[PDB]
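What follows is a set of notes on a single structure, which appears directly below.
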Amino acid sequence: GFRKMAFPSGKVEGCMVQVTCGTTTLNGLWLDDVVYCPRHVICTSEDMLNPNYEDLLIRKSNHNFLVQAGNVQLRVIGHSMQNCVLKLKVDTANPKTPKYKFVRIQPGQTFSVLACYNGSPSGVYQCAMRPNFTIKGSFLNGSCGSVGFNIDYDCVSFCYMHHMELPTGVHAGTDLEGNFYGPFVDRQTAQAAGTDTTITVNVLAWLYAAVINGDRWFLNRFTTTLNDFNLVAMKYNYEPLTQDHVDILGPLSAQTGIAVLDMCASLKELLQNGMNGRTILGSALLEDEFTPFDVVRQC
Amino acid sequence: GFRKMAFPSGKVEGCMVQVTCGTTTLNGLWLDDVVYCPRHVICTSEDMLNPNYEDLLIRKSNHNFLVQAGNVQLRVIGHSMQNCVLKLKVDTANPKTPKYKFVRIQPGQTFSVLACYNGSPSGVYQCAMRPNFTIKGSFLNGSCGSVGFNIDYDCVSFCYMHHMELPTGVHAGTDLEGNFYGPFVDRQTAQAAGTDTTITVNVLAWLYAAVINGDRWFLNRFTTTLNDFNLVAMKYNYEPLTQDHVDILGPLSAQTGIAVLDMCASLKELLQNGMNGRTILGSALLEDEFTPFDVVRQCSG
Ligand SMILES: *[C@H](O)[C@H](C[C@@H]1CCNC1=O)NC(=O)[C@H](CC(C)C)NC(=O)OC[C@H]1C[C@@H]1C1CCCCC1
């Protein structure tokens, strides 16, 4: 079987706390003796339209920030801002801090999201960083400060902290240095993203997964050159396929004995014609949020 | 705009161990001072055919079971079989035991699966129990003893433990009392699931979700009796509704003001007339793996 699968979230759950300033409550990430959270916690309703964050922050003191780990209040003993993230220093070290790192993820890569409300983990699911630097998440009021991450041999690599929803229903946020993915800004305004394109290497990986699990109706005897495929992909707002993508797809091609460029010819046929009302792995749409690595770690 | 979203898995990660008999290792669930696992851990390859589980267990002693949390051995001090699960009493109460209960779910209900290998969690994902009592998992060799669960507040309701794969590639297993869902047995034989059907109650929940988000073209000005709807539904390979299904749609019916039986009438028209190229929540396909609880969780909670 083949399933969209999130990393086990326990190591991140032990880091989630609630952060409150004024009438605004969201989540923070508590690592060692620092809590990281979105800086817009310091805004009021009036501030959010055009917040001068440095000016709003100079007027705050440590005691204006209320941090709670469950029933326990953590004393804030220091605070600073790094881009769009606030760093609150507390007197307590988190005993549950995992081995971790902060990474900035590349578009087309996937990560797990731990959606939290009031410092309490609520759900976990897989997202991809879109080419237009949005993510198609599930985030409601109070979800800010929820984080996205990957796990590699007990090391948690944090890559995303949640800040906002766009009018189209997609989501935007920062890495853990507080820099946004994409052209977005943490102010209460309607923001549009650039035109979103489809992650072609991931669509190919998912077709290979549909073949492994016995689904073949889309394949064909034909083939294509890399450049000719990429001309058709760009026409249909698919990202171009690089030679590294082809290389990355090697293991999957070998396992199924289907040349990458033969799978490209199949995808070309799908783009030009369609599904014909049919489905692949249950879906009526081409799925582009599985990476080659994601697929390999499942067959 | 809906994601299949699992529950946070940490409270279950803290209960996973491995159980080995000879060279056969699967996963177990450590709650208080008991470890629960599939009884077929006591089988060799040649026993799998039609194992004599009672005979195989009589040859076993406490000191034949290797239970490990990580690389740390947990001493077994008692063993018993309950249906298709082994219960291994150990000398240490799990300090990470959550508040928990053991529940038997119904077809259509969803749950999170924490897929594990050698006692180590690998991934978490949502499954729906199909009307034919299979789930569409992603289970590899060594995954048996992985569990499915829901979390309500801080209480973990364990509802599934994994035992086997069927010829068609779907998966089968038991509740935490060892009772299989559906008509399967833990023998290494080709077993067939009944033909699957569409989970009507979840499709209705999906229509309610569509209405909540302002997508309501399919609502009509008619109603139906539950029996009339069930007889039509069966002709389209949809499950009949139970009284419990009607009741668990109550909150969404109240939220939208659309009576359950009126929504049934709208669904009946979709089944008889098709979608006519229209879409619902952006798709021409009716989704059947979001329960009414799942819908409320992503729309309002
Ligand atoms: C933080 O918890 C919250 C998470 C959002 C709320 C609903 N779903 C989410 O993911 N983030 C916000 O509320 C940000 C805060 C600003 C200061 C960055 N703003 C936001 O998400 O607004 C939602 C945009 C649709 C709204 C616009 C409509 C037109 C007027 C301006 C807002």
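Labels used: A, B, ... for chains in the order of the structure tokens, numbers from 1 for residues in each chain, and numbers from 1 for ligands as shown.
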
- Message: Give me, as JSON, numbers by chain, the residues of range 9-118 of chain B that a backbone DSSP run labels helix (DSSP H, G or I).
- Response: {"B": [10, 11, 12, 13, 39, 40, 41, 42, 45, 46, 47, 53, 54, 55, 56, 57, 58, 62, 63, 64]}

- Task: With a distance cut-off of 9 Å and only C-alpha atoms, select the neighbouring residues of residue 36 in chain B, excluding the residue or stretch itself and same-chain residues fewer than 3 positions from it, and output the selection as a list in words.
- Result: residues 27, 28, 29, 30, 31, 39, 85, 86, 87, 88, 89, 145 and 176 of chain B

Could you save the residues just selected, with C-alpha atoms, as an mmCIF file, in the first residue's frame?
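Once written, selection.cif looks like this:
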```cif
data_model
loop_
_atom_site.group_PDB
_atom_site.id
_atom_site.type_symbol
_atom_site.label_atom_id
_atom_site.label_comp_id
_atom_site.auth_asym_id
_atom_site.auth_seq_id
_atom_site.Cartn_x
_atom_site.Cartn_y
_atom_site.Cartn_z
ATOM 1 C CA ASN B 27 5.729 -4.815 17.798
ATOM 2 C CA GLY B 28 3.877 -4.753 21.093
ATOM 3 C CA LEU B 29 1.859 -2.258 23.115
ATOM 4 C CA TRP B 30 3.094 -1.685 26.688
ATOM 5 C CA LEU B 31 0.396 -0.320 29.012
ATOM 6 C CA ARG B 39 -0.107 -14.180 19.055
ATOM 7 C CA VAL B 85 -3.538 -11.452 21.148
ATOM 8 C CA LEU B 86 -0.830 -12.450 23.578
ATOM 9 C CA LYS B 87 -0.711 -10.676 26.930
ATOM 10 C CA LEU B 88 2.767 -10.648 28.466
ATOM 11 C CA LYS B 89 2.922 -9.551 32.090
ATOM 12 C CA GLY B 145 1.577 -5.160 16.390
ATOM 13 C CA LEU B 176 -7.019 -4.920 21.518
#
```

- Task: Starting from chain A, keep only residues with some atom at most 9 Å from an atom of chain B, counting only C-alpha atoms, and report them as an MDAnalysis selection string.
- Result: chainID A and resid 1:14 114:115 121:126 136:141 169:170 213 283:284 298

Give me a file of those residues, with C-alpha atoms, as a PDB file, in the first residue's frame.
```pdb
ATOM      1  CA  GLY A   1       0.000   0.000   0.000  1.00  0.00           C
ATOM      2  CA  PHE A   2       0.974   3.647  -0.432  1.00  0.00           C
ATOM      3  CA  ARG A   3      -0.114   6.350   1.986  1.00  0.00           C
ATOM      4  CA  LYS A   4       0.645   9.975   2.715  1.00  0.00           C
ATOM      5  CA  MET A   5       2.457   9.526   5.991  1.00  0.00           C
ATOM      6  CA  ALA A   6       3.645  12.008   8.626  1.00  0.00           C
ATOM      7  CA  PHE A   7       6.620  11.538  10.938  1.00  0.00           C
ATOM      8  CA  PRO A   8       5.762  10.467  14.493  1.00  0.00           C
ATOM      9  CA  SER A   9       5.177  13.747  16.289  1.00  0.00           C
ATOM     10  CA  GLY A  10       6.091  12.847  19.882  1.00  0.00           C
ATOM     11  CA  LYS A  11       9.459  14.606  19.894  1.00  0.00           C
ATOM     12  CA  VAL A  12       7.773  17.845  18.769  1.00  0.00           C
ATOM     13  CA  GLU A  13       4.718  17.534  21.055  1.00  0.00           C
ATOM     14  CA  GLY A  14       7.042  17.727  24.068  1.00  0.00           C
ATOM     15  CA  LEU A 114       1.945  19.408  13.969  1.00  0.00           C
ATOM     16  CA  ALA A 115      -1.150  21.570  14.177  1.00  0.00           C
ATOM     17  CA  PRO A 121      -1.155  19.288  19.777  1.00  0.00           C
ATOM     18  CA  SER A 122      -4.264  18.688  17.685  1.00  0.00           C
ATOM     19  CA  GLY A 123      -3.262  16.854  14.489  1.00  0.00           C
ATOM     20  CA  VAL A 124      -0.408  15.848  12.228  1.00  0.00           C
ATOM     21  CA  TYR A 125      -0.159  15.707   8.476  1.00  0.00           C
ATOM     22  CA  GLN A 126       2.235  15.979   5.567  1.00  0.00           C
ATOM     23  CA  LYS A 136      -1.882  23.602   1.450  1.00  0.00           C
ATOM     24  CA  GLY A 137      -2.438  23.069   5.143  1.00  0.00           C
ATOM     25  CA  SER A 138      -5.257  22.734   7.632  1.00  0.00           C
ATOM     26  CA  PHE A 139      -4.932  25.680  10.006  1.00  0.00           C
ATOM     27  CA  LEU A 140      -7.676  27.450  11.961  1.00  0.00           C
ATOM     28  CA  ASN A 141      -7.724  30.446  14.292  1.00  0.00           C
ATOM     29  CA  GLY A 169      -7.325  29.125   1.597  1.00  0.00           C
ATOM     30  CA  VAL A 170      -3.616  28.228   1.358  1.00  0.00           C
ATOM     31  CA  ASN A 213       1.073  -1.016  -6.319  1.00  0.00           C
ATOM     32  CA  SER A 283      -7.182  10.124  -6.984  1.00  0.00           C
ATOM     33  CA  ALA A 284      -8.882  11.864  -9.896  1.00  0.00           C
ATOM     34  CA  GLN A 298       7.371   2.667   1.349  1.00  0.00           C
TER      35      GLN A 298
END
```

- Item | Surrounding residues as a VMD selection string, ligand 1, max 7 Å, only C-alpha atoms and all ligand atoms | chain A and resid 26 40 48 139 to 144 163 to 167 171 185 to 190

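Secondary structure by DSSP on the backbone puts the following residues of range 141-251 of chain A in strand (DSSP E or B): residues 147, 148, 149, 150, 151, 152, 155, 156, 157, 158, 159, 160, 161, 162, 163, 164, 165, 171, 172, 173, 174, 180, 198 and 238 of chain A.
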
With N, CA and C atoms retained, export the selected residues as a tab-separated table (two decimals), in the first residue's frame.
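For reference, result-v4.tsv as written:
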```tsv
chain	number	residue	atom	x	y	z
A	147	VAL	N	4.42	24.12	14.02
A	147	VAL	CA	5.66	23.98	13.27
A	147	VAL	C	5.58	22.79	12.32
A	148	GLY	N	6.43	22.85	11.30
A	148	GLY	CA	6.64	21.76	10.37
A	148	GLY	C	8.06	21.24	10.53
A	149	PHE	N	8.25	19.94	10.29
A	149	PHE	CA	9.52	19.32	10.61
A	149	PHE	C	9.69	18.03	9.83
A	150	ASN	N	10.94	17.58	9.79
A	150	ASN	CA	11.31	16.25	9.35
A	150	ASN	C	12.14	15.62	10.45
A	151	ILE	N	12.24	14.30	10.42
A	151	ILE	CA	13.00	13.56	11.43
A	151	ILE	C	13.96	12.62	10.72
A	152	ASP	N	15.21	12.64	11.14
A	152	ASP	CA	16.28	11.86	10.53
A	152	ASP	C	17.12	11.31	11.67
A	155	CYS	N	17.06	13.04	15.00
A	155	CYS	CA	17.27	14.48	14.89
A	155	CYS	C	16.05	15.13	14.23
A	156	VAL	N	15.48	16.13	14.90
A	156	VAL	CA	14.33	16.85	14.38
A	156	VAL	C	14.84	18.09	13.66
A	157	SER	N	14.54	18.19	12.37
A	157	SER	CA	14.89	19.35	11.57
A	157	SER	C	13.63	20.19	11.40
A	158	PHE	N	13.60	21.33	12.08
A	158	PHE	CA	12.46	22.23	12.01
A	158	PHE	C	12.62	23.13	10.79
A	159	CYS	N	11.57	23.22	9.98
A	159	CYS	CA	11.66	23.99	8.75
A	159	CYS	C	10.55	25.01	8.57
A	160	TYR	N	9.52	25.01	9.41
A	160	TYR	CA	8.35	25.85	9.15
A	160	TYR	C	7.71	26.23	10.48
A	161	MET	N	7.29	27.49	10.58
A	161	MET	CA	6.42	27.95	11.65
A	161	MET	C	5.27	28.72	11.01
A	162	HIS	N	4.07	28.49	11.50
A	162	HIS	CA	2.88	28.97	10.81
A	162	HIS	C	2.50	30.39	11.22
A	163	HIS	N	2.18	31.24	10.22
A	163	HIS	CA	1.81	32.64	10.50
A	163	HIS	C	0.48	33.10	9.90
A	164	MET	N	0.02	32.57	8.76
A	164	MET	CA	-1.17	33.16	8.18
A	164	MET	C	-1.85	32.28	7.14
A	165	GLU	N	-3.07	32.68	6.80
A	165	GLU	CA	-3.86	32.09	5.72
A	165	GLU	C	-4.08	33.17	4.67
A	171	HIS	N	-1.74	28.60	2.88
A	171	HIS	CA	-1.11	29.08	4.10
A	171	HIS	C	0.31	29.54	3.85
A	172	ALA	N	0.79	30.43	4.73
A	172	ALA	CA	2.13	30.97	4.60
A	172	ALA	C	2.79	31.13	5.96
A	173	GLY	N	4.11	31.03	5.96
A	173	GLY	CA	4.85	31.08	7.20
A	173	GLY	C	6.33	31.21	6.95
A	174	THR	N	7.10	30.99	8.02
A	174	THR	CA	8.52	31.28	8.04
A	174	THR	C	9.32	30.03	8.36
A	180	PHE	N	10.14	34.61	5.99
A	180	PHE	CA	9.04	34.00	5.25
A	180	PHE	C	9.55	33.15	4.09
A	198	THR	N	3.02	22.88	-10.67
A	198	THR	CA	3.00	21.51	-10.17
A	198	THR	C	4.41	20.95	-10.07
A	238	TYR	N	3.77	23.06	-15.16
A	238	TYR	CA	4.57	22.11	-14.39
A	238	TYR	C	6.00	22.62	-14.32
```

- Message: Under the rule that only C-alpha atoms are counted, which of B:201, B:58, B:209, B:34 is the nearest residue to residue 109 in chain B?
- Response: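 That would be B:201, the residue with the smallest distance to residue 109 in chain B.
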
- Item | Between CA of residue 221 in chain A and CA of residue 252 in chain A - distance in Å to one decimal | 18.2 Å

- Task: May I ask for the distance between CA of residue 56 in chain A and CA of residue 43 in chain A, given in Å to one decimal place?
- Result: 7.5 Å

- Work out how far CA of residue 216 in chain A is from CA of residue 248 in chain A, in Å to one decimal.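 We find that CA of residue 248 in chain A and CA of residue 216 in chain A lie 21.6 Å from each other.
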
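Residue neighbourhood of residue 110 in chain B, excluding near-sequence residues (fewer than 3 positions): residues 126, 127, 128, 129, 289, 290 and 291 of chain B, at 8 Å, using only C-alpha atoms.
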
Fewer than 4 positions away in the same chain doesn't count, so skip those; otherwise give me all residues within 12 Å of residue 194 in chain B, counting only C-alpha atoms, as a short mmCIF file (atom, residue, chain, number, x, y, z; two decimals) with N, CA, C and O atoms, in the first residue's frame.
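Heads up, here's the output in result.cif:
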```cif
data_model
loop_
_atom_site.label_atom_id
_atom_site.label_comp_id
_atom_site.auth_asym_id
_atom_site.auth_seq_id
_atom_site.Cartn_x
_atom_site.Cartn_y
_atom_site.Cartn_z
N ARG B 130 -13.15 -0.14 6.46
CA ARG B 130 -14.08 -0.35 5.35
C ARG B 130 -15.26 -1.21 5.79
O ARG B 130 -15.18 -1.95 6.78
N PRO B 131 -16.39 -1.12 5.08
CA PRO B 131 -17.53 -1.99 5.39
C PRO B 131 -17.22 -3.48 5.31
O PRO B 131 -17.89 -4.27 5.99
N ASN B 132 -16.22 -3.88 4.54
CA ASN B 132 -15.79 -5.27 4.50
C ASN B 132 -14.70 -5.58 5.52
O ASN B 132 -14.09 -6.66 5.46
N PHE B 133 -14.44 -4.64 6.44
CA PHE B 133 -13.58 -4.86 7.60
C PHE B 133 -12.11 -5.00 7.22
O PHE B 133 -11.36 -5.74 7.88
N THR B 134 -11.71 -4.35 6.14
CA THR B 134 -10.30 -4.13 5.83
C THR B 134 -9.98 -2.65 5.96
O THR B 134 -10.88 -1.80 5.96
N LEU B 166 -3.95 -8.98 2.86
CA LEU B 166 -4.75 -9.86 2.02
C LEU B 166 -4.26 -9.84 0.58
O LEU B 166 -3.49 -8.97 0.18
N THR B 168 -5.49 -8.85 -2.18
CA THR B 168 -5.75 -7.59 -2.87
C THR B 168 -4.89 -6.42 -2.38
O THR B 168 -4.98 -5.33 -2.95
N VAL B 170 -4.94 -4.98 0.72
CA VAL B 170 -5.50 -4.32 1.89
C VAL B 170 -5.09 -5.11 3.12
O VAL B 170 -4.46 -6.17 3.01
N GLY B 182 -14.06 -8.41 10.97
CA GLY B 182 -14.40 -9.18 9.79
C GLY B 182 -14.12 -10.66 9.91
O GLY B 182 -13.82 -11.18 10.98
N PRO B 183 -14.24 -11.37 8.78
CA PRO B 183 -14.20 -12.83 8.82
C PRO B 183 -12.82 -13.42 8.53
O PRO B 183 -12.71 -14.37 7.75
N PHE B 184 -11.77 -12.86 9.12
CA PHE B 184 -10.42 -13.31 8.87
C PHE B 184 -9.89 -14.06 10.08
O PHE B 184 -10.44 -13.99 11.18
#
```

- residue 228 in chain A surroundings by only C-alpha atoms, 10 Å radius, close-in-sequence under 5 positions cut, as a ChimeraX atom specification: /A:233,264-265,268

- Item | Selection near residue 229 in chain B, 9 Å with only C-alpha atoms, sequence-local residues under 2 positions removed, as a VMD selection string | chain B and resid 224 to 227 231 to 234 240 to 241 261 264 to 265 268

- Query: Counting only C-alpha atoms, what is within 12 Å of residue 293 in chain A, bar same-chain residues fewer than 4 positions away, as an MDAnalysis selection string?
  - Reply: chainID A and resid 108:111 201:202 205:206 209 245 248:252 289 297:299
